Amino acid sequence: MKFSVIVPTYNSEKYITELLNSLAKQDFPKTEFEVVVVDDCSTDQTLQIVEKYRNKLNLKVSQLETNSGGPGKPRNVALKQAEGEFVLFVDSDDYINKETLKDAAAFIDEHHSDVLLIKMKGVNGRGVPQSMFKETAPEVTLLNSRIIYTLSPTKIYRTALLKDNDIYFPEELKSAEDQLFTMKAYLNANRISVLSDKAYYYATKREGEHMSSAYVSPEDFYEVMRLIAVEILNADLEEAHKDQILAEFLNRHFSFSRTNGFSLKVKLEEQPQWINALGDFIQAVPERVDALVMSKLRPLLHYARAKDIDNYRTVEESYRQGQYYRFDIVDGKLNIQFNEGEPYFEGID
Ligand SMILES: CC(=O)N[C@H]1[C@@H](OP(=O)(O)OP(=O)(O)OC[C@H]2O[C@@H](n3ccc(=O)[nH]c3=O)[C@H](O)[C@@H]2O)O[C@H](CO)[C@@H](O)[C@@H]1O
Ligand SMILES: [Mn+2]
């Protein structure tokens with residue numbers, strides 16, 4: 001067994017066939033890959049739709065007692081059932097290219113990848129990461145490539161890599177359940193590879209609610225962030241490398257996560273809740289890492305670590321308004337003091 005395609009379902013009857021047709025049309029022998037379907041207690045006709053593909057595909061189907069509250073637990077149940085050499089997570093509302101398992105198998109046989117990224121394509125207006133999919137690369141690291149800018153589970157992982165290092169998704173969590181999982185796989189992979197010859201994984205936009213839009217409390221969200229920083233800092237790598245990996249994670253988190261602009265969008269009466277959870281995550285980042293981060297984020301790291309929402313919000317409002325209490329211009333960049341009696345933050349551009 002080469003691959004295990006792990007499919008978590010939850011009331012997926014309107015789009016599960018578009019998936020199952022792409023596996024049935026794979027030009028890969030159905031005897032060397034399995035479809036591990038774990039249903040998160042669906043109440044529509046998802047399972048009988050799946051049943052019609054029991055002679056078109058090698059299937060392993062099971063259903064949970066109650067809905068787990070997220071994609072994590074179903075994938076965890078499928079992953080310990082998987083006996084394929086490699087694992088591919090495909091969501092119920094997505095589908096893969098006809099040639100995916102053939103090109104992957106051929107690529108991994110040639111380069112012995114532990115994690116293999118496959119190029120993605122957005123369908124029906126859904127955005128998709130692309131900065132790391134412009135060239136097929138046999139070997140990429142966390143620091144010479146943009147792989148940290150895609151933490152979704154929609155990749156090829158070697159089964160032994162996940163099991164030998166005890167890598168699973170957090171359970172009862174609507175979103176952010178993928179970031180810690182994929183980063184742990186990145187942290188332990190002896191070789192990470194990118195495969196961009198075609199458009200392999202098709203991420204769709206349908207209706208209704210996608211899990212990436214479901215509510216996750218700031219406590220649960222930033223606990224995952226805190227766990228990622230802890231995983232980075234205690235990886236079996238050189239200490240300077242771990243600091244730089246953490247800095248690159250923070251650059252991306254503060255630029256593109258819900259943290260970016262929270263004190264401008266969240267209701268005032270809820271922002272202490274955010275600054276306390278965000279601060280528990282930044283308090284796990286040692287202050288030495290602030291120097292490796294993008295300069296504009298250093299005042300935010302500083303006031304997050306101190307749980308100071310007033311100065312944090314003033315920094316965000318100042319960036320948005322382009323107005324500062326005091327600033328100097330040195331070497332085409334700004335050195336800013338955001339409030340009276342506060343420190344100056346230098347090199348901001
Ligand atoms: C970035 C990307 O390309 N895909 C991610 C995106 O998918 P997305 O935002 O589309 O969320 P989805 O609804 O597709 O959920 C992902 C998968 O989990 C299953 N599911 C959903 C709810 C539930 O209670 N039990 C269950 O098993 C879905 O059927 C689906 O197969 O946001 C999710 C939340 O982090 C991630 O898991 C997906 O990997
Ligand atoms: Mn989806």
# chains A, B, ... in the order shown; residues from 1 in each chain; ligands from 1

$ residues_near_ligand --ligand "ligand 2" --cutoff "10 Å" --atoms "only C-alpha atoms and all ligand atoms" --output "number ranges by chain"
A: 90-95, 126, 154, 202-206, 209-212

$ write_last_selection --atoms "C-alpha atoms" --output "PDB file, in the first residue's frame"
ATOM      1  CA  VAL A  90      -8.399  15.645   0.902  1.00  0.00           C
ATOM      2  CA  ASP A  91     -11.478  17.419   2.227  1.00  0.00           C
ATOM      3  CA  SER A  92     -14.977  16.335   1.241  1.00  0.00           C
ATOM      4  CA  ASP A  93     -15.680  19.518  -0.747  1.00  0.00           C
ATOM      5  CA  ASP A  94     -12.462  19.322  -2.803  1.00  0.00           C
ATOM      6  CA  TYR A  95     -10.998  17.042  -5.469  1.00  0.00           C
ATOM      7  CA  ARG A 126     -11.684  30.613  -3.229  1.00  0.00           C
ATOM      8  CA  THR A 154      -3.886  19.192   1.971  1.00  0.00           C
ATOM      9  CA  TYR A 202      -8.583  21.841  -6.166  1.00  0.00           C
ATOM     10  CA  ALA A 203      -9.921  23.786  -3.175  1.00  0.00           C
ATOM     11  CA  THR A 204     -13.517  24.883  -3.746  1.00  0.00           C
ATOM     12  CA  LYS A 205     -15.910  27.507  -2.394  1.00  0.00           C
ATOM     13  CA  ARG A 206     -19.460  26.239  -1.878  1.00  0.00           C
ATOM     14  CA  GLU A 209     -20.493  27.310   6.184  1.00  0.00           C
ATOM     15  CA  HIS A 210     -16.879  26.362   5.664  1.00  0.00           C
ATOM     16  CA  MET A 211     -14.890  25.464   8.758  1.00  0.00           C
ATOM     17  CA  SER A 212     -12.405  28.296   8.141  1.00  0.00           C
TER      18      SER A 212
END

$ closest_atom_pairs --of "chain A" --to "ligand 1" --cutoff "9 Å" --atoms "only C-alpha atoms and all ligand atoms" --output "CSV"
residue,atom,partner,partner_atom_place_in_ligand_line,distance
A:7,CA,ligand 1,31 (O),6.1
A:8,CA,ligand 1,27 (O),4.1
A:9,CA,ligand 1,29 (O),3.7
A:10,CA,ligand 1,29 (O),4.4
A:11,CA,ligand 1,29 (O),6.9
A:12,CA,ligand 1,29 (O),6.0
A:16,CA,ligand 1,29 (O),8.7
A:38,CA,ligand 1,27 (O),7.3
A:39,CA,ligand 1,27 (O),6.4
A:40,CA,ligand 1,25 (N),4.9
A:41,CA,ligand 1,25 (N),8.0
A:42,CA,ligand 1,25 (N),8.6
A:67,CA,ligand 1,24 (O),5.7
A:68,CA,ligand 1,24 (O),5.7
A:69,CA,ligand 1,24 (O),4.4
A:70,CA,ligand 1,24 (O),3.9
A:71,CA,ligand 1,18 (O),3.7
A:72,CA,ligand 1,27 (O),7.0
A:73,CA,ligand 1,27 (O),7.3
A:74,CA,ligand 1,27 (O),5.3
A:75,CA,ligand 1,27 (O),7.3
A:89,CA,ligand 1,39 (O),8.0
A:90,CA,ligand 1,31 (O),6.9
A:91,CA,ligand 1,31 (O),3.4
A:92,CA,ligand 1,31 (O),3.7
A:93,CA,ligand 1,14 (O),5.6
A:94,CA,ligand 1,14 (O),7.5
A:120,CA,ligand 1,3 (O),8.3
A:122,CA,ligand 1,3 (O),8.9
A:127,CA,ligand 1,1 (C),8.8
A:128,CA,ligand 1,3 (O),7.2
A:129,CA,ligand 1,1 (C),8.5
A:150,CA,ligand 1,1 (C),7.9
A:151,CA,ligand 1,1 (C),7.6
A:152,CA,ligand 1,1 (C),4.8
A:153,CA,ligand 1,39 (O),5.2
A:154,CA,ligand 1,39 (O),6.0
A:172,CA,ligand 1,24 (O),8.2
A:173,CA,ligand 1,35 (O),8.3
A:174,CA,ligand 1,34 (C),6.0
A:175,CA,ligand 1,35 (O),3.6
A:176,CA,ligand 1,35 (O),4.9
A:177,CA,ligand 1,35 (O),5.5
A:178,CA,ligand 1,35 (O),5.7
A:179,CA,ligand 1,35 (O),8.1
A:201,CA,ligand 1,3 (O),8.5
A:202,CA,ligand 1,3 (O),8.3
A:203,CA,ligand 1,3 (O),5.5
A:204,CA,ligand 1,10 (O),7.1
A:205,CA,ligand 1,10 (O),6.9
A:206,CA,ligand 1,10 (O),8.2
A:208,CA,ligand 1,13 (O),8.7
A:209,CA,ligand 1,13 (O),6.7
A:210,CA,ligand 1,13 (O),4.0
A:211,CA,ligand 1,11 (O),3.6
A:212,CA,ligand 1,9 (O),3.7
A:213,CA,ligand 1,9 (O),6.4
A:214,CA,ligand 1,34 (C),8.3

$ residues_around --residues "residue 22 (chain A)" --least-positions-apart "3" --cutoff "12 Å" --atoms "only C-alpha atoms" --output "PyMOL selection string"
chain A and resi 5+15-19+25-28+35+53+56-57+90+92-101+200-202

$ closest_residue --among "A:327, A:189, A:274, A:348" --to "residue 312 (chain A)" --atoms "only C-alpha atoms"
A:274

$ closest_residue --among "A:346, A:243, A:308, A:13" --to "residue 331 (chain A)" --atoms "only C-alpha atoms"
A:346

$ residues_around --residues "residue 291 (chain A)" --least-positions-apart "5" --cutoff "12 Å" --atoms "only C-alpha atoms" --output "list in words"
residues 243, 244, 246, 247, 248, 250, 251, 285, 286, 296, 297, 298, 299, 301, 302, 345, 346, 347 and 348 of chain A

$ write_last_selection --atoms "N, CA and C atoms" --output "PDB file, in the first residue's frame"
ATOM      1  N   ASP A 243      15.002  29.996  16.430  1.00  0.00           N
ATOM      2  CA  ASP A 243      14.595  31.390  16.603  1.00  0.00           C
ATOM      3  C   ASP A 243      14.129  31.989  15.282  1.00  0.00           C
ATOM      4  N   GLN A 244      14.859  31.715  14.196  1.00  0.00           N
ATOM      5  CA  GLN A 244      14.506  32.285  12.899  1.00  0.00           C
ATOM      6  C   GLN A 244      13.214  31.681  12.354  1.00  0.00           C
ATOM      7  N   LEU A 246      10.726  30.548  14.196  1.00  0.00           N
ATOM      8  CA  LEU A 246       9.674  31.196  14.973  1.00  0.00           C
ATOM      9  C   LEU A 246       9.403  32.613  14.472  1.00  0.00           C
ATOM     10  N   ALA A 247      10.461  33.375  14.171  1.00  0.00           N
ATOM     11  CA  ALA A 247      10.267  34.727  13.655  1.00  0.00           C
ATOM     12  C   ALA A 247       9.500  34.714  12.338  1.00  0.00           C
ATOM     13  N   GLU A 248       9.798  33.747  11.467  1.00  0.00           N
ATOM     14  CA  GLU A 248       9.106  33.674  10.185  1.00  0.00           C
ATOM     15  C   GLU A 248       7.641  33.299  10.380  1.00  0.00           C
ATOM     16  N   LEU A 250       5.885  34.153  13.056  1.00  0.00           N
ATOM     17  CA  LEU A 250       5.234  35.365  13.562  1.00  0.00           C
ATOM     18  C   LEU A 250       5.005  36.398  12.466  1.00  0.00           C
ATOM     19  N   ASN A 251       5.977  36.572  11.562  1.00  0.00           N
ATOM     20  CA  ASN A 251       5.786  37.485  10.435  1.00  0.00           C
ATOM     21  C   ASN A 251       4.510  37.147   9.691  1.00  0.00           C
ATOM     22  N   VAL A 285       7.092  33.383  23.391  1.00  0.00           N
ATOM     23  CA  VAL A 285       8.154  33.820  22.485  1.00  0.00           C
ATOM     24  C   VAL A 285       9.168  34.626  23.309  1.00  0.00           C
ATOM     25  N   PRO A 286      10.408  34.169  23.428  1.00  0.00           N
ATOM     26  CA  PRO A 286      11.414  34.982  24.126  1.00  0.00           C
ATOM     27  C   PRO A 286      11.673  36.280  23.378  1.00  0.00           C
ATOM     28  N   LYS A 296       8.018  46.444  11.800  1.00  0.00           N
ATOM     29  CA  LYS A 296       6.715  47.006  12.137  1.00  0.00           C
ATOM     30  C   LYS A 296       5.986  46.177  13.185  1.00  0.00           C
ATOM     31  N   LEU A 297       6.284  44.883  13.279  1.00  0.00           N
ATOM     32  CA  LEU A 297       5.632  44.008  14.245  1.00  0.00           C
ATOM     33  C   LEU A 297       6.253  44.070  15.635  1.00  0.00           C
ATOM     34  N   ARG A 298       7.457  44.633  15.774  1.00  0.00           N
ATOM     35  CA  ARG A 298       8.113  44.650  17.082  1.00  0.00           C
ATOM     36  C   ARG A 298       7.352  45.438  18.144  1.00  0.00           C
ATOM     37  N   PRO A 299       6.766  46.606  17.865  1.00  0.00           N
ATOM     38  CA  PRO A 299       5.924  47.236  18.898  1.00  0.00           C
ATOM     39  C   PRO A 299       4.707  46.403  19.264  1.00  0.00           C
ATOM     40  N   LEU A 301       4.468  42.952  19.175  1.00  0.00           N
ATOM     41  CA  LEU A 301       4.993  41.916  20.066  1.00  0.00           C
ATOM     42  C   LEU A 301       5.244  42.459  21.467  1.00  0.00           C
ATOM     43  N   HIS A 302       5.785  43.676  21.560  1.00  0.00           N
ATOM     44  CA  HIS A 302       6.113  44.267  22.855  1.00  0.00           C
ATOM     45  C   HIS A 302       4.863  44.491  23.699  1.00  0.00           C
ATOM     46  N   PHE A 345      10.663  52.620  18.609  1.00  0.00           N
ATOM     47  CA  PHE A 345      10.850  51.403  17.830  1.00  0.00           C
ATOM     48  C   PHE A 345      11.429  51.798  16.477  1.00  0.00           C
ATOM     49  N   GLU A 346      12.568  51.207  16.121  1.00  0.00           N
ATOM     50  CA  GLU A 346      13.372  51.684  15.005  1.00  0.00           C
ATOM     51  C   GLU A 346      13.237  50.788  13.778  1.00  0.00           C
ATOM     52  N   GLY A 347      13.619  51.346  12.628  1.00  0.00           N
ATOM     53  CA  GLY A 347      13.705  50.603  11.386  1.00  0.00           C
ATOM     54  C   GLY A 347      12.389  50.216  10.748  1.00  0.00           C
ATOM     55  N   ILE A 348      11.302  50.913  11.066  1.00  0.00           N
ATOM     56  CA  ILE A 348       9.970  50.490  10.639  1.00  0.00           C
ATOM     57  C   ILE A 348       9.734  50.914   9.192  1.00  0.00           C
TER      58      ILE A 348
END

$ closest_residue --among "A:313, A:81, A:4, A:295" --to "residue 333 (chain A)" --atoms "only C-alpha atoms"
A:295

$ closest_residue --among "A:118, A:160, A:207, A:143" --to "residue 14 (chain A)" --atoms "only C-alpha atoms"
A:207

$ closest_residue --among "A:252, A:281, A:318, A:228" --to "residue 294 (chain A)" --atoms "only C-alpha atoms"
A:252

$ residues_around --residues "residue 158 (chain A)" --least-positions-apart "6" --cutoff "6 Å" --atoms "only C-alpha atoms" --output "list in words"
residues 86, 87 and 114 of chain A

$ write_last_selection --atoms "N, CA and C atoms" --output "PDB file, in the first residue's frame"
ATOM      1  N   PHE A  86       2.241   6.447   2.481  1.00  0.00           N
ATOM      2  CA  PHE A  86       2.068   7.885   2.542  1.00  0.00           C
ATOM      3  C   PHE A  86       0.595   8.206   2.731  1.00  0.00           C
ATOM      4  N   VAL A  87       0.336   9.416   3.208  1.00  0.00           N
ATOM      5  CA  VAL A  87      -1.013   9.865   3.513  1.00  0.00           C
ATOM      6  C   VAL A  87      -1.287  11.147   2.741  1.00  0.00           C
ATOM      7  N   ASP A 114       9.691  13.286   2.697  1.00  0.00           N
ATOM      8  CA  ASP A 114       8.917  13.015   3.904  1.00  0.00           C
ATOM      9  C   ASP A 114       7.637  13.839   3.948  1.00  0.00           C
TER      10      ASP A 114
END

$ select_by_dssp --residues "region 29-163 of chain A" --states "alpha helix (DSSP H)" --output "JSON, numbers by chain"
{"A": [46, 47, 48, 49, 50, 51, 72, 73, 74, 75, 76, 77, 78, 79, 80, 81, 100, 101, 102, 103, 104, 105, 106, 107, 108, 109, 110, 111, 159, 160, 161, 162, 163]}

$ write_last_selection --atoms "N, CA and C atoms" --output "JSON list (two decimals), in the first residue's frame"
[["chain", "number", "residue", "atom", "x", "y", "z"],
["A", 46, "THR", "N", -24.76, 11.29, 3.10],
["A", 46, "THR", "CA", -23.35, 11.25, 2.73],
["A", 46, "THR", "C", -22.84, 9.82, 2.61],
["A", 47, "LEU", "N", -23.22, 8.95, 3.55],
["A", 47, "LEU", "CA", -22.62, 7.61, 3.59],
["A", 47, "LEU", "C", -23.10, 6.71, 2.44],
["A", 48, "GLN", "N", -24.38, 6.78, 2.07],
["A", 48, "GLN", "CA", -24.87, 5.96, 0.97],
["A", 48, "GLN", "C", -24.32, 6.44, -0.36],
["A", 49, "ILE", "N", -24.03, 7.73, -0.46],
["A", 49, "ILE", "CA", -23.31, 8.20, -1.63],
["A", 49, "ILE", "C", -21.95, 7.52, -1.68],
["A", 50, "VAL", "N", -21.24, 7.50, -0.55],
["A", 50, "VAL", "CA", -19.94, 6.83, -0.47],
["A", 50, "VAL", "C", -20.07, 5.35, -0.79],
["A", 51, "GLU", "N", -21.17, 4.72, -0.38],
["A", 51, "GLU", "CA", -21.33, 3.28, -0.57],
["A", 51, "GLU", "C", -21.33, 2.88, -2.04],
["A", 72, "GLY", "N", -10.52, 17.74, 12.98],
["A", 72, "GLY", "CA", -9.38, 17.08, 13.61],
["A", 72, "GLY", "C", -9.60, 15.62, 13.97],
["A", 73, "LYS", "N", -10.60, 15.36, 14.81],
["A", 73, "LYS", "CA", -10.85, 14.00, 15.26],
["A", 73, "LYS", "C", -11.10, 13.02, 14.12],
["A", 74, "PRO", "N", -11.93, 13.31, 13.11],
["A", 74, "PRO", "CA", -12.09, 12.35, 12.01],
["A", 74, "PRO", "C", -10.78, 12.01, 11.32],
["A", 75, "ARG", "N", -9.90, 12.99, 11.11],
["A", 75, "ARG", "CA", -8.61, 12.69, 10.48],
["A", 75, "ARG", "C", -7.75, 11.85, 11.41],
["A", 76, "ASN", "N", -7.83, 12.09, 12.72],
["A", 76, "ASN", "CA", -7.08, 11.29, 13.68],
["A", 76, "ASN", "C", -7.54, 9.84, 13.66],
["A", 77, "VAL", "N", -8.86, 9.62, 13.53],
["A", 77, "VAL", "CA", -9.39, 8.26, 13.47],
["A", 77, "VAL", "C", -8.95, 7.58, 12.18],
["A", 78, "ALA", "N", -8.97, 8.31, 11.07],
["A", 78, "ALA", "CA", -8.54, 7.73, 9.80],
["A", 78, "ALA", "C", -7.05, 7.43, 9.79],
["A", 79, "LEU", "N", -6.24, 8.28, 10.44],
["A", 79, "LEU", "CA", -4.79, 8.18, 10.31],
["A", 79, "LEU", "C", -4.25, 6.95, 11.04],
["A", 80, "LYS", "N", -4.80, 6.63, 12.21],
["A", 80, "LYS", "CA", -4.37, 5.41, 12.89],
["A", 80, "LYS", "C", -4.90, 4.16, 12.20],
["A", 81, "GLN", "N", -5.93, 4.29, 11.37],
["A", 81, "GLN", "CA", -6.38, 3.18, 10.54],
["A", 81, "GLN", "C", -5.54, 3.00, 9.29],
["A", 100, "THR", "N", -2.50, 12.86, -9.88],
["A", 100, "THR", "CA", -1.89, 13.27, -8.62],
["A", 100, "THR", "C", -1.08, 12.13, -8.00],
["A", 101, "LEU", "N", -1.73, 11.01, -7.73],
["A", 101, "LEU", "CA", -1.02, 9.90, -7.11],
["A", 101, "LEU", "C", 0.06, 9.31, -8.02],
["A", 102, "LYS", "N", -0.08, 9.42, -9.35],
["A", 102, "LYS", "CA", 0.98, 8.90, -10.22],
["A", 102, "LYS", "C", 2.22, 9.80, -10.15],
["A", 103, "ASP", "N", 2.03, 11.11, -10.32],
["A", 103, "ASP", "CA", 3.18, 12.01, -10.28],
["A", 103, "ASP", "C", 3.80, 12.04, -8.88],
["A", 104, "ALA", "N", 2.96, 12.01, -7.84],
["A", 104, "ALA", "CA", 3.48, 11.97, -6.48],
["A", 104, "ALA", "C", 4.33, 10.72, -6.26],
["A", 105, "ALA", "N", 3.75, 9.55, -6.54],
["A", 105, "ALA", "CA", 4.49, 8.30, -6.40],
["A", 105, "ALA", "C", 5.80, 8.34, -7.17],
["A", 106, "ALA", "N", 5.76, 8.82, -8.42],
["A", 106, "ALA", "CA", 6.98, 8.90, -9.21],
["A", 106, "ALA", "C", 7.97, 9.89, -8.61],
["A", 107, "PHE", "N", 7.47, 11.00, -8.07],
["A", 107, "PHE", "CA", 8.35, 12.02, -7.48],
["A", 107, "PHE", "C", 8.97, 11.52, -6.19],
["A", 108, "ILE", "N", 8.16, 10.91, -5.31],
["A", 108, "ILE", "CA", 8.68, 10.50, -4.01],
["A", 108, "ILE", "C", 9.62, 9.31, -4.16],
["A", 109, "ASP", "N", 9.38, 8.44, -5.14],
["A", 109, "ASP", "CA", 10.34, 7.38, -5.41],
["A", 109, "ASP", "C", 11.69, 7.93, -5.83],
["A", 110, "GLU", "N", 11.71, 9.08, -6.51],
["A", 110, "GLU", "CA", 12.96, 9.64, -7.01],
["A", 110, "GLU", "C", 13.70, 10.45, -5.96],
["A", 111, "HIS", "N", 12.98, 11.09, -5.03],
["A", 111, "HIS", "CA", 13.60, 12.03, -4.10],
["A", 111, "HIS", "C", 13.42, 11.68, -2.63],
["A", 159, "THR", "N", 3.46, 8.33, 6.30],
["A", 159, "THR", "CA", 2.72, 7.82, 7.45],
["A", 159, "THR", "C", 3.62, 7.63, 8.66],
["A", 160, "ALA", "N", 4.83, 7.08, 8.46],
["A", 160, "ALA", "CA", 5.73, 6.85, 9.58],
["A", 160, "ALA", "C", 6.19, 8.15, 10.22],
["A", 161, "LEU", "N", 6.34, 9.22, 9.42],
["A", 161, "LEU", "CA", 6.72, 10.51, 9.97],
["A", 161, "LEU", "C", 5.69, 11.01, 10.98],
["A", 162, "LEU", "N", 4.41, 10.85, 10.66],
["A", 162, "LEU", "CA", 3.36, 11.29, 11.57],
["A", 162, "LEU", "C", 3.27, 10.40, 12.80],
["A", 163, "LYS", "N", 3.35, 9.08, 12.61],
["A", 163, "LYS", "CA", 3.12, 8.16, 13.72],
["A", 163, "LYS", "C", 4.32, 8.11, 14.66]]

$ atom_distance --atom1 "CA of residue 62 (chain A)" --atom2 "CA of residue 34 (chain A)"
13.5 Å

$ select_by_dssp --residues "region 31-269 of chain A" --states "strand (DSSP E)" --output "VMD selection string"
chain A and resid 33 to 39 59 to 63 86 to 89 95 to 96 115 to 118 120 to 122 137 to 140 156 to 158 192 to 195 201 to 203

$ write_last_selection --atoms "N, CA, C and O atoms" --output "compact mmCIF listing (two decimals), in the first residue's frame"
# COMPACT_ATOMS: atom_id res chain seq x y z
N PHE A 33 -3.68 2.14 -3.32
CA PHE A 33 -4.09 3.24 -2.46
C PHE A 33 -5.49 2.98 -1.94
O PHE A 33 -6.30 2.31 -2.58
N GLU A 34 -5.76 3.50 -0.74
CA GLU A 34 -7.04 3.34 -0.08
C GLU A 34 -7.67 4.70 0.18
O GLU A 34 -6.99 5.73 0.23
N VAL A 35 -8.98 4.70 0.34
CA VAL A 35 -9.74 5.88 0.73
C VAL A 35 -10.27 5.61 2.13
O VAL A 35 -11.14 4.75 2.32
N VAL A 36 -9.71 6.30 3.12
CA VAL A 36 -10.12 6.16 4.51
C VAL A 36 -11.11 7.28 4.80
O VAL A 36 -10.73 8.45 4.95
N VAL A 37 -12.39 6.93 4.85
CA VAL A 37 -13.47 7.89 5.07
C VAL A 37 -13.95 7.72 6.50
O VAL A 37 -14.37 6.63 6.90
N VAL A 38 -13.88 8.80 7.28
CA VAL A 38 -14.42 8.84 8.62
C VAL A 38 -15.48 9.93 8.65
O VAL A 38 -15.18 11.11 8.41
N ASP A 39 -16.72 9.54 8.92
CA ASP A 39 -17.84 10.45 8.90
C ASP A 39 -18.09 11.00 10.29
O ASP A 39 -18.25 10.23 11.24
N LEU A 59 -11.96 1.04 -0.13
CA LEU A 59 -12.58 1.92 0.84
C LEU A 59 -12.40 1.40 2.26
O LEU A 59 -12.39 0.19 2.50
N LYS A 60 -12.26 2.34 3.19
CA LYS A 60 -12.34 2.07 4.63
C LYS A 60 -13.21 3.17 5.21
O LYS A 60 -12.77 4.32 5.33
N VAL A 61 -14.45 2.83 5.54
CA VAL A 61 -15.46 3.81 5.93
C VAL A 61 -15.92 3.50 7.35
O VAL A 61 -16.17 2.34 7.69
N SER A 62 -16.02 4.54 8.18
CA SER A 62 -16.53 4.42 9.53
C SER A 62 -17.19 5.74 9.92
O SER A 62 -16.97 6.77 9.29
N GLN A 63 -18.00 5.69 10.98
CA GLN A 63 -18.76 6.85 11.41
C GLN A 63 -18.67 6.99 12.92
O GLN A 63 -18.71 6.00 13.65
N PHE A 86 2.24 6.45 2.48
CA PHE A 86 2.07 7.88 2.54
C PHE A 86 0.59 8.21 2.73
O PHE A 86 -0.28 7.38 2.47
N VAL A 87 0.34 9.42 3.21
CA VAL A 87 -1.01 9.87 3.51
C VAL A 87 -1.29 11.15 2.74
O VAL A 87 -0.41 12.00 2.61
N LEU A 88 -2.50 11.26 2.20
CA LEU A 88 -2.95 12.48 1.55
C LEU A 88 -4.30 12.86 2.14
O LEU A 88 -5.26 12.08 2.04
N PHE A 89 -4.37 14.04 2.75
CA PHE A 89 -5.62 14.57 3.28
C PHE A 89 -6.33 15.36 2.19
O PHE A 89 -5.79 16.35 1.68
N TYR A 95 -11.33 18.16 -4.60
CA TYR A 95 -11.00 17.04 -5.47
C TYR A 95 -9.58 17.24 -5.99
O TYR A 95 -9.03 18.34 -5.92
N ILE A 96 -9.00 16.16 -6.51
CA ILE A 96 -7.61 16.17 -6.93
C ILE A 96 -7.53 15.85 -8.42
O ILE A 96 -8.46 15.32 -9.03
N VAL A 115 7.70 15.07 3.46
CA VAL A 115 6.53 15.91 3.24
C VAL A 115 6.60 16.40 1.80
O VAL A 115 7.65 16.88 1.36
N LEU A 116 5.50 16.27 1.07
CA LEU A 116 5.46 16.71 -0.32
C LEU A 116 4.29 17.65 -0.53
O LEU A 116 3.13 17.25 -0.38
N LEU A 117 4.60 18.90 -0.87
CA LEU A 117 3.57 19.87 -1.21
C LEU A 117 3.19 19.73 -2.68
O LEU A 117 4.05 19.58 -3.55
N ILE A 118 1.89 19.77 -2.95
CA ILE A 118 1.37 19.67 -4.31
C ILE A 118 0.65 20.97 -4.65
O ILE A 118 -0.03 21.55 -3.79
N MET A 120 -1.78 23.82 -5.65
CA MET A 120 -3.22 23.96 -5.45
C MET A 120 -3.80 24.97 -6.43
O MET A 120 -3.11 25.85 -6.95
N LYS A 121 -5.11 24.83 -6.67
CA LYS A 121 -5.85 25.71 -7.56
C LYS A 121 -7.18 26.07 -6.89
O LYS A 121 -7.90 25.18 -6.44
N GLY A 122 -7.48 27.36 -6.83
CA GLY A 122 -8.73 27.82 -6.25
C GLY A 122 -9.87 27.71 -7.24
O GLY A 122 -9.74 28.09 -8.41
N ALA A 137 10.51 21.66 -6.58
CA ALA A 137 11.79 21.64 -5.89
C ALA A 137 11.97 20.33 -5.15
O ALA A 137 11.12 19.98 -4.29
N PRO A 138 13.02 19.55 -5.43
CA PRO A 138 13.25 18.32 -4.66
C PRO A 138 13.44 18.55 -3.17
O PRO A 138 13.06 17.69 -2.37
N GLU A 139 14.03 19.68 -2.78
CA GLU A 139 14.38 19.92 -1.38
C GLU A 139 14.16 21.38 -1.05
O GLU A 139 14.73 22.26 -1.70
N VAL A 140 13.34 21.63 -0.03
CA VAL A 140 13.11 22.97 0.50
C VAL A 140 13.15 22.89 2.02
O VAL A 140 12.85 21.85 2.62
N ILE A 156 0.97 15.79 1.05
CA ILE A 156 1.39 14.40 1.19
C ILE A 156 2.36 14.30 2.36
O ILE A 156 3.42 14.95 2.36
N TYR A 157 2.01 13.48 3.34
CA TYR A 157 2.86 13.21 4.49
C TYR A 157 3.18 11.73 4.52
O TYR A 157 2.32 10.90 4.21
N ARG A 158 4.41 11.40 4.89
CA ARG A 158 4.73 9.99 5.07
C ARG A 158 4.12 9.48 6.37
O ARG A 158 4.27 10.11 7.42
N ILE A 192 11.71 17.96 2.84
CA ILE A 192 10.45 18.55 2.40
C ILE A 192 10.59 18.88 0.92
O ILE A 192 11.62 19.41 0.49
N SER A 193 9.57 18.56 0.14
CA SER A 193 9.62 18.72 -1.31
C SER A 193 8.35 19.39 -1.81
O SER A 193 7.29 19.32 -1.18
N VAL A 194 8.47 20.05 -2.95
CA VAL A 194 7.37 20.75 -3.60
C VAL A 194 7.22 20.19 -5.01
O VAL A 194 8.22 19.92 -5.69
N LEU A 195 5.98 20.02 -5.45
CA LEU A 195 5.66 19.38 -6.72
C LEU A 195 4.64 20.25 -7.44
O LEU A 195 3.48 20.34 -7.01
N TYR A 201 -4.34 19.81 -6.34
CA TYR A 201 -5.40 19.91 -5.34
C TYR A 201 -6.30 21.09 -5.67
O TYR A 201 -5.83 22.23 -5.77
N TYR A 202 -7.59 20.82 -5.82
CA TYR A 202 -8.58 21.84 -6.17
C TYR A 202 -9.41 22.16 -4.92
O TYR A 202 -10.29 21.38 -4.53
N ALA A 203 -9.14 23.31 -4.31
CA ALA A 203 -9.92 23.79 -3.17
C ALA A 203 -11.09 24.63 -3.67
O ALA A 203 -10.89 25.58 -4.44

$ atom_distance --atom1 "CA of residue 166 (chain A)" --atom2 "CA of residue 146 (chain A)"
24.9 Å

$ closest_residue --among "A:155, A:290, A:65, A:45" --to "residue 6 (chain A)" --atoms "only C-alpha atoms"
A:155

$ atom_distance --atom1 "CA of residue 196 (chain A)" --atom2 "CA of residue 119 (chain A)"
5.0 Å
